[PDB]
Structures are given as structure tokens and as C-alpha cells.
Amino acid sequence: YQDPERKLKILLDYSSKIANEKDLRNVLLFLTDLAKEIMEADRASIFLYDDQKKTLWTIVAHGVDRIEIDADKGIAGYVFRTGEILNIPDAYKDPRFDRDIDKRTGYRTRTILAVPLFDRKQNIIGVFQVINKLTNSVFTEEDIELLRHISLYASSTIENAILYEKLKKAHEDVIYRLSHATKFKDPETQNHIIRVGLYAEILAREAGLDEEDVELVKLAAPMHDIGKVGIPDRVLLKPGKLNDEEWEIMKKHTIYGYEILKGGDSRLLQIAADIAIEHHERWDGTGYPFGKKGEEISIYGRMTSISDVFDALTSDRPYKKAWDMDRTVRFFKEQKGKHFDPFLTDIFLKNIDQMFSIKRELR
């Protein structure tokens, strides 16, 4: 006997999967699978409009490229332009249908149902199409209604995924740019600030941290030197090496960074503040500003020390050429359990190729 709630439970499962999925590619796949099962259709496609190239596009299969579609032509094109629904009982009798794809593969397209996708402001942003009704000779008025509800859900999900990626990007950008507010008085580069978080992301990941903490270290580590904004110019701009009085002030960039960052409530800022105050501490207990030792330094500060020293060593600094991989490796092995956490150093060494790769393509 059949389950009367079968499709309902199937739809709820798809909706759970989709709500969890941040990648637009897979959202599109899951929406397509959903349509096929709910519409009882053999094939389904989503076409979205590209502002720049002036084309609709679709992904044909799992993992394959964007196929551009002519928005001025065909069935999807009609629906995209007019906002009207096309329900084709026989594709081979509609001059808007192209048989070439059909001609090559042994596939026979019979029925086509295409509806527009609308954004929140009722603009047409694409088309949702289904092909070859399996359990009836034609798509019905009821099928049209159902596909329109699916379209609304698809629209919302697609926009949400895009809005979220826009936010994610803006958040990174802001952290990167503001972290480099020191650019006028300190020579550390914008790419340095980015790369340090990227190396620390690998370390946290390979060290087995939760995906949330991996993401936080990537964004928190770049802020470690923000405290330099409060250092006097006579110290920060001194064209050589510091006296005791001056060095003592320079060290306070850690304390200052902490003061700038600690007033947050977010985990991001609590971790960033700790990194700011910890990143010159040594596994030894011989670092600054407090001589914290071993596990007294949060794992985030320990990961940032390794990443930051790595990136400095692999850049040219006046009087000293950037070190190559081999020397950097020997250095880290020698400083294991001294400057750096011995467990994290091993992880870092084991992933040293990914480190140099980031360094090479982000100059």
C-alpha cells in the first residue's frame, strides 16, 4: 500500500538539504532533483540570467560547466522575456524547439513545461523548466500550479544563497581592508594580512577543529597587528632598531590590539582579541607580553604565530632575501617546542606545499 504523505516527506527532506547548502551549484542541482520527483518528470532545468554576458545559463549535469543559452530564442527564452507560462503538449510541433540535442543523444523530447522565476521585486530573473511528464501524456493545469509554487521556492532559495555569499564576501573584504589601515606607517602588505589567515585556516582544519572555528581563525588572524595604530610614530617609523624604552612601547601593540578588539560580543572578536594579545607569545614562555607558556596560549594564538612567522620568512625584508622552502623547513624543525607548538608545527610542516602554493599565487 502507498504512503499518502510520500511526496510531502520527500519535499521536506529536499528542503532540509537545500537549507543546509551554501554552494549555488548544489542548490541548483537539488532544486532540479526536487522538481523531477514532485512533477513526475523525466528532466528539469533552471536557467538564470547573467547581467554581464547578456545570456541565460544553466548547468547541464553535476560538476560540468555553465552552458550559455540564447534568451532571445527557444522556449526558455520566451518565458524569460514575457513572464508567461509555456506548456507544450508536443515539442516536435513547436518551431521554438531545437532538436539538435535530441538528434545527437537518442533522446525524444515530448512535453515541456516552463515558468518564470521572479525576484522579490517581481523582476524576472530566470526560468524553471520540466521535460517529459512520466505519469500522464501532458502536463496539466494542476502541474502548472505546482510548478509555480516550486518556482517561488526556487527563487527564494537562489536569492538567499546569493545574498549570503554577498554578505560573506563583504565581511572578508572589510576585515582585510581595515586590517591594512596601518599601510601608511607600516610596511606589512595587504596580501600578508590575507595569507596569514589562509595559512591558519589550513592549520585549524588539519588540526581537526570544527568548521566554524576554522572559518573564524581565517578571519580573526588577519587582525593581529591592528594595535600598531596606537604606537607613536617615533617608534613605528624608526628606520632601524629600537632602544629599551622604544622596544617596550613597540611590544604594547599586542595590548593595544586587544583593547581595540575585546569590546565585541561575537566569537569572532573574542578570538581576534586573544590573537592580538598572544601572537608574540612563545611555546617557551620566553615571548611577550606576559611570557605565557604552552597551553596558556590559546590554540588560536599558537596557530597565528606559526602562520605569521612563516609568511615573514618567505618575503624579502631589507637586508634579507625571502627564504626558500628547505630553509624554512629546517627553521621550523629547529623551533619545534621552542617558539612554536610542537604538534601544530608538525601539522604545518606536513602541509607545507599548500602554504607555498598560497604564497605563490597571492604575491
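Numbers follow the displayed sequence, beginning with 1.
Averaged over their C-alpha atoms, the temperature factors of 101 to 109 and 157 to 165 are higher for 101 to 109. The stretch 350 to 358 shows the higher mean C-alpha B-factor when 11 to 19 is compared against 350 to 358 in the entry. Per the deposited record, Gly240 carries the highest C-alpha B-factor of all listed residues (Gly287, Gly240, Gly227, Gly208). Ranked by C-alpha B-factor against the other modelled residues of its chain, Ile38 falls in the middle third.
Per the deposited record, the Cα B-factor of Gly63 falls in the highest third when ranked against the other modelled residues of its chain. Sort the chain's modelled residues by C-alpha temperature factor and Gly301 lands in the lowest third, per the entry.
In this PDB entry, the Cα temperature factor of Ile69 sits in the top third of its chain's modelled residues, the highest group. In this PDB entry, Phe310 carries a Cα temperature factor that places it within the lowest third of its chain's modelled residues.
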